[PDB]
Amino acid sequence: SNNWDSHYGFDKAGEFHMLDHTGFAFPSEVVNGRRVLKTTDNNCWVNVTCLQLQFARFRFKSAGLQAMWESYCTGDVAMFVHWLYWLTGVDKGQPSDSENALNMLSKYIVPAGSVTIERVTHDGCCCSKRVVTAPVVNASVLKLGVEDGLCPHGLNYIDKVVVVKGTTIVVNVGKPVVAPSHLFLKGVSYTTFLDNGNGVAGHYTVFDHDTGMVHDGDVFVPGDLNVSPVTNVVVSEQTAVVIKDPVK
């Protein structure tokens, strides 16, 4: 069998490699410097998955995936988009979950950060910490975090992100959450999931912190983060100069 797994860096690459991807060439544009897809066929989970990859400035470990990803950013989107549907097993035309997609993508991404999550009671009687270097971390998107059971002394453990080094995507635990903007972890971008009315699934968009505008499909719309249920946040302290390695 032709050895495609080492080029692409994912299982069954040889199957994917031969597939026709043209069915996934969604119309795309550049809005505020980001590659975005026109809303169609319930593809908003794809749009916001790829937006957060861009906001995070992530790169993929393998030659094949990174070339696919770079093609996506420059507007040749079909192969990377097809791979997302292929990997997650989602049917074209059906709505899906961006957080689930991002969690699947994590193992393929070049590590770029470190997240410290503290589990502590309010008087400090019990305290523990873990350091996560996965590109995608599952934790509260709120500064105050989440309650996580009782300690032996009868207080609630509070589980919260206390340090982020580099860049990460924090995927909220629990349902999409609404709060005043300043109570969220401070991030460059916020994926939100809003009610879209009867008959249709909720709608995915990405709130852009620096402009205060919202990526909605391929348009830029006014938004209010204070009333938008957040599902994930890109937390990033960016580097000034991009560093690449010479090709061997």
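Numbers for residues come from their place in the sequence shown, where the first is 1.
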The stretch carrying the higher mean Cα B factor in the deposited entry, 44-52 or 196-204, is 196-204
With reference to the PDB entry, specify whether the mean Cα temperature factor is higher for 117-125 or for 97-105.
-> 117-125
Select one of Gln238, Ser228, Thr22, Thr231: the residue whose C-alpha shows the highest B-factor in the crystal structure entry.
-> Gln238
Identify, among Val81, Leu155, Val136, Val177, the residue whose C-alpha carries the highest B-factor in the deposited PDB entry.
-> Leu155
With respect to C-alpha B-factor, does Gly223 fall in the lowest, middle or highest third of the chain as deposited?
-> highest
In terms of the CA temperature factor given in the entry, to which third of its chain does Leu185 belong: lowest, middle or highest?
-> lowest
Taking the entry's C-alpha B-factors for this chain, is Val36 in the lowest, middle or highest third?
-> middle
Report the third (lowest, middle or highest) to which the CA temperature factor of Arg130 belongs, ranking only the modelled residues of the same chain.
-> highest
Compared with the other modelled residues in the chain, in which third is the CA B-factor of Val141?
-> lowest
